[PDB]
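Before I ask anything, here is the structure I am working with.
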Amino acid sequence: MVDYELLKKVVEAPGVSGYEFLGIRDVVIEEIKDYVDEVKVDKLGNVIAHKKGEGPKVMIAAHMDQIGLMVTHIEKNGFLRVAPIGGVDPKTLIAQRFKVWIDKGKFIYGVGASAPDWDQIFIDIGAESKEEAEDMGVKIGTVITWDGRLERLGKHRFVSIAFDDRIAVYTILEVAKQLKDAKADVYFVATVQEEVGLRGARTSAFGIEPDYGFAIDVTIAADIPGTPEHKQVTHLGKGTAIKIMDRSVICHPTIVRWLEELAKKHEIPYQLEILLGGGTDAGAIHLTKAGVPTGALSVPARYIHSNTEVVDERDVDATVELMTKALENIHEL
Amino acid sequence: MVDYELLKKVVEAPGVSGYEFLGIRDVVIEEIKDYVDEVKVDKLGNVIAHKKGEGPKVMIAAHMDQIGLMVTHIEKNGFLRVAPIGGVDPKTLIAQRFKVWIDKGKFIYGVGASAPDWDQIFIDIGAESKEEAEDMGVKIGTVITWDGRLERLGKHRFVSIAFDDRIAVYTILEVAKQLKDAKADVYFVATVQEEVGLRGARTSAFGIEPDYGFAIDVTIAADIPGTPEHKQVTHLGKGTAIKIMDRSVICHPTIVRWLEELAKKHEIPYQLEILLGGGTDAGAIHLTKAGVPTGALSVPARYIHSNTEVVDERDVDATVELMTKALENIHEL
Amino acid sequence: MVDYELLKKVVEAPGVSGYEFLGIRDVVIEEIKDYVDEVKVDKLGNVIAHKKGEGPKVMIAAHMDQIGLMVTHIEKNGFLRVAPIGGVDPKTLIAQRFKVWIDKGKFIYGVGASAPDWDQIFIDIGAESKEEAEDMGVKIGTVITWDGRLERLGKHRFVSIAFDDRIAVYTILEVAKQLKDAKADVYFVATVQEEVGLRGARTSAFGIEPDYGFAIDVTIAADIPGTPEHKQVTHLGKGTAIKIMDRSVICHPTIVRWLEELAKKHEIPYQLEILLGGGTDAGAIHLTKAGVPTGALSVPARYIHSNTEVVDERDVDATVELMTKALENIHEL
Amino acid sequence: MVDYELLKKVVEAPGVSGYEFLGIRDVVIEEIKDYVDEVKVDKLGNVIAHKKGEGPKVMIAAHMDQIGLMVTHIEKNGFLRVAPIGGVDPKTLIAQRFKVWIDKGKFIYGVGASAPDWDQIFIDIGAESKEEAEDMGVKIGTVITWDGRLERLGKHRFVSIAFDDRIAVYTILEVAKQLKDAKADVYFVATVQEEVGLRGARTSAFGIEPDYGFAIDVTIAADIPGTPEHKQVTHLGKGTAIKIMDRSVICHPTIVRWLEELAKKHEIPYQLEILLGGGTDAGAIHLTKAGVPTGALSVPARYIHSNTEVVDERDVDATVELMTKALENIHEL
């Protein structure tokens, strides 16, 4: 149901917050350029792909940064100390393998070690001294990501690093490929630094000044053992999630019901989403200048913020389909 | 290595957040006006000093507000109750002397008393009743700062109140004096209300709309007894600190390595800085309008947010030197 | 320094306790058969490789079983519940990828999830129901291992799943290849079920009735950050570890000093090992029948019992060299 | 479905660990002798019943010892202090009636009293002094069992003392009665001291030196209120339990699947069993000499180690049937 090869390209490219230029940026440009009229990279690094249109100016954002680690200190015996880039949980770093980025397109392996908190965490790269670690290419500021790869789980699911929000990057790339003569002036934006404060969404939206804003991200799917039914949020395979509200935004009620009606009419599976504590690029877009009516579609995902995030292709397909239909009909809104 | 008299003038002028006009504002205007083309004070009180230039528009910000206290209630027996202005720790108020500002350029002494939290803290000014305290010039809203003075510690260090961020104010005043025919349109800004939310940096940056932004502040130097080596952050005397990231900003990687290369070329001592939880004016500047590439240089400082902050003149000199070199070469960036 | 390809073959073959026949058994037989006179597999599954000799009967054992998990229940929504095979720590299962063995040479992926203990742990294989999980080939008793691969760390180190005790299996395979006309009747034994009670070592030793016994295993290398010097046990790269005693055995003092003297004479790096709480096959071998004088050589290893165990090739080489020298000179003991 | 009278005879005969000769031993000999060729009692007290056969030597063991108490001290006022024989839980001794064995076939009643642990537990036998208690026949070393009797619970269940492992003793007696011209040399063994360390199974297996070993015991049935589905282990009435592994043994996988296939072919209800922490005679048998391939069939039982253990006759019948079929077909294995 999804273009596996394309998905693999987007989830495995390195791109931690602030350092998206190290890999994901180029993948996005290369995969979207032939489907739009112009592609630009702004000051903070956001990739803005414009598909000239016949109607309302619409911004569709998916963040391309992923969570990761940054080297803060190199111990005398060569071990590395780190600080999180984004919301990283120490429990997900123990006895894990990492890709320590020493240069663009070049990494060395590392092992995370020693319920822990940051002061007990360290990375082992096989060095015997600080000098050897430095000779290997490591320094203060070196970025690190988990060593994770995309794999299939059963008939319709997948496991991978950075499904948040790379599955959304995949989604807008697919939407850009499907969109044909839409009555709208579309700006597809792969935003930077969402994981540290919705920073890229804020600056790109200011420059674009859209009439409507849409964000695509992942939402919690806690449909797992031991979770009370009312706390599952969303279920894998039950459809794209239309956001009603999260801690950063209350989606425009008119857009929310409009999307729901579109899903019903085109027979696209969907589910309604409410989060008590979360954040999305929509949270920045809607507060741009004099205000922007916004909506958000999410891909349900289990185990968010780890090297083993899980999604269902049926929800991914529903998201691509609903966003495409929204763009084709937004001129009537 | 530093102009002691000038430093004394800037650290001892009163200027708590929101009330910078009571003292520090005028010191800044008087000390910088002869080195720039025009000096303005905007709506929130930011001092903007423009040195007309031949190149990129660059904003350099140092906040002039300091942390302090505000009187919230006067007890029946004349004692004062207070609320913090900025991040003040109760442990730093016990058995301390204070300057209770009753008017511009006029203060009376006070003694802080009674591990405490705010509900146990009170200030004694020698009054016997609420009426006597009011007759002495105190009222709800009266601002208070520690009674601290600048003094030398050994060969290269100093102790003082408000080194954060007055040492940065000193730094930009020194940079303005050294800058000669720079290929850049420079805006030196002494910002207000940084300690309560980077408020002045936000509004001044919006009005200036710079091409590049640089903030100068202090960074944690925890190179003291009992601190694990990997948690010291920076070391006094080891150089100006080039920020890679803190909780409010991920400095543009191109600017970060550019500054590092400049330091190497001109033989200026420097160290790389990463903070897990902090905030700087750069955090506001870079998110201005469509975005602004930014960098930050910091002066390592021990015991931040107290009446006994400590810095090393060698780091201060390195900061002045690196910022000056950056401004002289930014046109090539 | 090590035969990387051979090591990769031994660490990546599946073989949890009791189920060594699923993979590792055949790798061992295939890689050792051409270097010995006869190869047999006994009742519990131990592989016994006999190199007919001219002297004392010597048994050299390395266990081929690795720790893992076994499916105990399949939940209504397709999730799997597990029980440990060997000493598995729940902290090493969270947000990890696994290979769920549905048949010999056939696996499907799984994700471990939800400080935890066994009642909170579960594996997600992408199934939507118990029936779908069963159709995928899973049942009560299905065995599972981490999805780990051998990789290099720096100049001399490696990271891998099951270095305990696969690095010892590699070692005896290398010793069997090097041993030439030794004055001893040698029995190389790849034992089963060491992780659950030194079970295979017990039964194979009874049948062999050796004059001398030697076990090769891994020992704790806690030469990592935060560990007091006296608690590091061994250091990576400092040599093969000659065991003095652990909780299961006090090595024969004559053999211990004999090995130390051999290491000194042949210039083989070594270190002395004492463990307060551990267990090795020697613990079973020495208590066989009327008793067997035994010794043990260990490969220092960090992060034991995880998917990211780390060893140093210099220690592996020293172990192969010392065991080879011991076999060539044991006739003089 | 079961021979009620025979079951009553086996569960009510006294026979705590080490003292099986006081009652159960003779019941076993009397009930099995006419179905075998020879019956012997070895040194530790194991009853070995040999049914001469035409094939593989097979040992089938069921332990005849039950948990109980032993008098450790007689207080000045006649109360008795005790120590457990086997894994006894103090909570099962409070406000309970006991049979204090003063001689073979002679007992007096006692009452257990005063969440408790051993130092608070005592038995009241109606004595007024230590001298009177001694005159009643009690001394240090006197053994005690609960005063429990076999009774029916509903249509298919029963409640009784010592179903562990007397229900297995009943099972082998029934198998011995059904076995006819089996192609195997069968040794039925009622083992001693299983509850204190699988001691009798170890010594009898050494003497028999079987080709195959099978143990019959009870397994946990926690299919009761408040137990999570994945922690129930087995369910009453769902069939004989084929053990995959417990803490003392990993059953030979070939035998496990062979038994499962036999159950399927003969339409005998069965369920697969995995225990995280338990122990069975198989744990000793399989490690005998050079090793013995073993399997174990268990009768699901609720409330194990109490005076109110509960089993289902349908599971007992399935166990007798599967063990009989295994013996008749083992020659093909």
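Letters A, B, C and D mark the chains in the order given here, with residues in each chain numbered from 1 onward.
In this section, contacts are C-beta pairs under 8 Å (C-beta built on N, C-alpha and C of every residue); 3 or more make two chains touch, one makes a residue touch a chain.
S.K.: Could the interface between the copies chain A and chain C be described as same, meaning over half of its residue numbers are common to both, or is it different?
M.R.: Same: when the shared numbers are divided by all numbers used, the fraction is over half.
S.K.: So if I superpose chain B on chain D by CA, what angle comes out, to the nearest 5°?
M.R.: When the C-alpha atoms are superposed, chain B turns by 180 degrees onto chain D.
S.K.: Which of these pairs, C-D or A-C, matches A-B in more than half of the residue pairs in contact?
M.R.: C-D
S.K.: Rounded to the nearest whole Å, what is the centre-to-centre distance of chain B and chain D, using the mean of the C-alpha atoms as each centre?
M.R.: That gives a centre separation of 80 Å.
S.K.: If you average the CA atoms of chain A and of chain D, how many Å lie between those two points?
M.R.: Distance between chain centres: 60 Å.
S.K.: Nearest whole angstrom, what separates the Cα centre of chain A from the Cα centre of chain C?
M.R.: Measuring from centre to centre gives 41 Å for this pair.
S.K.: Need the CA-centroid distance for the pair chain C / chain D, whole Å please.
M.R.: Each chain reduced to its C-alpha mean, chain C and chain D end up 36 Å apart.
S.K.: What are the residue numbers in chain B that touch two or more other chains?
M.R.: none
S.K.: Once you've mapped the touching chain pairs, tell me: line, ring, star, complete or other?
M.R.: line
S.K.: Would you mind giving me the full set of chain pairs in touch?
M.R.: Chain-chain contacts present: A-B, A-C, C-D.
S.K.: For a test of understanding, state which residues of chain D touch chain C in their complex under the given definition.
M.R.: The contact residues of chain D facing chain C are 228-231, 244-245, 250, 253, 256, 272, 274, 276, 286-287, 289-293.
S.K.: Could you list, by residue number, the parts of chain C that touch chain D in their complex?
M.R.: Contact set of chain C toward chain D: 17-19, 21, 42-44, 46, 70, 72-73, 75, 81, 83-85, 118-119, 139-141, 193, 196, 199, 202-204, 206-207.
S.K.: Tell me, which parts of chain A touch chain C in their complex?
M.R.: Listed in rising order, the residues of chain A that touch chain C are 75, 77, 79, 91-92, 94-97, 108-115, 120, 122, 124-128, 132, 136, 148, 151-157, 159, 223-226, 237, 302-303, 306-308, 310.
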